[PDB]
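What follows is a single structure, written as structure tokens, with notes after it.
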Amino acid sequence: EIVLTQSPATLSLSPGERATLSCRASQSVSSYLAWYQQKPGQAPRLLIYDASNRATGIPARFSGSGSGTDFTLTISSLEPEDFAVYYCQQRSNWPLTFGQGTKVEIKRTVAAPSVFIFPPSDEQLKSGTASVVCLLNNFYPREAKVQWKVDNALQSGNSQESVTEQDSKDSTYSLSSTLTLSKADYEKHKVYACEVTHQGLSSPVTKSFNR
Amino acid sequence: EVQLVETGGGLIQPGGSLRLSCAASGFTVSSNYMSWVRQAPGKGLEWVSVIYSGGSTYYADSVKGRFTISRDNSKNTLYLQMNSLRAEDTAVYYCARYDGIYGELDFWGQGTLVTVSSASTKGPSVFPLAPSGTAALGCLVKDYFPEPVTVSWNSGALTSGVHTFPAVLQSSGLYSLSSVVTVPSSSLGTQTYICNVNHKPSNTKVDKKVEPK
């Protein structure tokens, strides 16, 4: 019945840095407080139980401490694989309450994207729809501007991008921009351009093809 | 070696019912406090139901009266029977062991996605992403409902250097996705690259060979 207020909501730190994650309770829970690690698309993985006690199998770098209302999870020296959300939770009074989580991002050095472009397939053209896919591969940071030009004309409101979850090995993101237009629109115009602005580039990079 | 397998997850109509199974190993369900935990997409973890060692059952006020947590002592399998399902119930469901004193949720099931929507199932189209020093090639899994699709390469052989992007929801009401995998350019001629798209809700299972254009 006691709400938990985890802080900070997000933490971005480089490999080898100490990470300190806080969990605050509106009402005492004495020592009944737990810690879990969840990576993208996986089950949670318990870390600490009873505020201070490391759970079986959990490496040396994770630790816990606290009693009363203020609690602390620490990762002594961050690893590229520690990219995850981290949850606190209390079990004193009913109902059982979890914390909202702390998202941990790994802050590597600037990596420029590799840019590819993909003309819609012949299989797809039979249906009457044309998807033009631009790929920004292995870049950091996440912030990247993608611009669609068709015969040097700016596209607007016909593109959707998605970003992969951080790569647990090299900490980079990849980005997929798909331009969606009709079969007829794709054949009235000739040149298909994907322009990319990123911190890692000294100038914007345009990848393009002729239909 | 504790192993918790889950089954039952998928698409159900609002108002409908759905049962989930969590087969156990390495301990005894009967004597342990057991739990169902759910997680809505893009959100935190919500406790659903606890079943005590003594048989007492406690539920979150959200599921109270609609869900029954029950244990099958003989089978080792554990169940969550859901009723009166709503969109708010869409979530990945987890079975996990609850400690009575102050202990641990030590083991967890892999989780099983439950989608509560009245929209009909639609199988995806699988279009090739044509490769043209280093080559990028993929498959476009377009127009499907609901999630998920499992995209593999070469029957789970080509697992290294693959990016299968999180699915975006198109205005149409259907999901779309792309899956890329960078490969040595020298192996374009010899090694053939095939994506395997499996979508359980529509029972679709497309194999698509991708060749350079």
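Every number here is computed from the coordinates shown, using simple stated rules; none is lab data. Here the Cβ is made from the backbone with ideal geometry for all residues, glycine too, and neighbour counts use every protein chain on show.
I'm checking my understanding of the structure. Among residues of the range B:81-98 that are within 20 Å of B:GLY42 (Cβ to Cβ) and within 14 Å of chain A (Cβ to nearest Cβ), which one is surrounded by the fewest Cβ atoms within 10 Å (Cβ to Cβ)?
B:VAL92
Can you name the residue in the range A:152-164 that is small (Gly, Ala, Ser) and within 13 Å of chain B (Cβ to nearest Cβ) and is also surrounded by the fewest Cβ atoms within 10 Å (Cβ to Cβ) among such residues?
The qualifying residue surrounded by the fewest Cβ atoms within 10 Å (Cβ to Cβ) is A:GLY157.
Only one residue in B:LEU105, B:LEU78, B:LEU113 is within 13 Å of another protein chain (Cβ to nearest Cβ), assigned to a strand (DSSP E or B) and within 29 Å of B:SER25 (Cβ to Cβ), so which one is that?
B:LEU113
If you check A:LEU47 against the conditions, is it surrounded by 21 or more Cβ atoms within 10 Å (Cβ to Cβ), more than 26 Å from A:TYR173 (Cα to Cα), among the hydrophobic types (A, V, I, L, M, F, W, C) and away from chain B (no Cβ under 13 Å)?
Spelling it out, it is not the case that A:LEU47 is surrounded by 21 or more Cβ atoms within 10 Å (Cβ to Cβ), more than 26 Å from A:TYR173 (Cα to Cα), among the hydrophobic types (A, V, I, L, M, F, W, C) and away from chain B (no Cβ under 13 Å).
Can you work out which of the residues in the range A:165-203 that are small (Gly, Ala, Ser) and touching a helix residue (DSSP H, G or I) at 6+ places or on another chain (Cβ under 9 Å) is surrounded by the fewest Cβ atoms within 10 Å (Cβ to Cβ)?
If we take residues in the range A:165-203 being small (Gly, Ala, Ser) and touching a helix residue (DSSP H, G or I) at 6+ places or on another chain (Cβ under 9 Å), then A:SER168 is surrounded by the fewest Cβ atoms within 10 Å (Cβ to Cβ).
Select from the range B:99-121 the residues that are among the aliphatic types (A, V, I, L, M) and surrounded by 20 or more Cβ atoms within 10 Å (Cβ to Cβ) and write down the one among them that is nearest to the chain's Cα centre (by Cα).
The selected residue is B:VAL114.
Please tell me if B:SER30 is surrounded by 14 or more Cβ atoms within 10 Å (Cβ to Cβ) and in a strand (DSSP E or B).
For B:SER30, the condition - surrounded by 14 or more Cβ atoms within 10 Å (Cβ to Cβ) and in a strand (DSSP E or B) - is not met.
Taking only the range A:80-108 into account, find how many residues are under 27 Å from A:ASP167 (Cβ atoms), more than 16 Å from the chain's Cα centre (by Cα) and part of a loop (DSSP other than H, G, I, E, B).
Final tally of qualifying residues: 2.
For the list (1) among the hydrophobic types (A, V, I, L, M, F, W, C); (2) surrounded by 19 or more Cβ atoms within 10 Å (Cβ to Cβ); (3) away from chain B (no Cβ under 11 Å); (4) within 30 Å of B:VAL141 (Cα to Cα), I need the number of the one condition that A:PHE62 fails.
Here A:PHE62 clears every test but (4).
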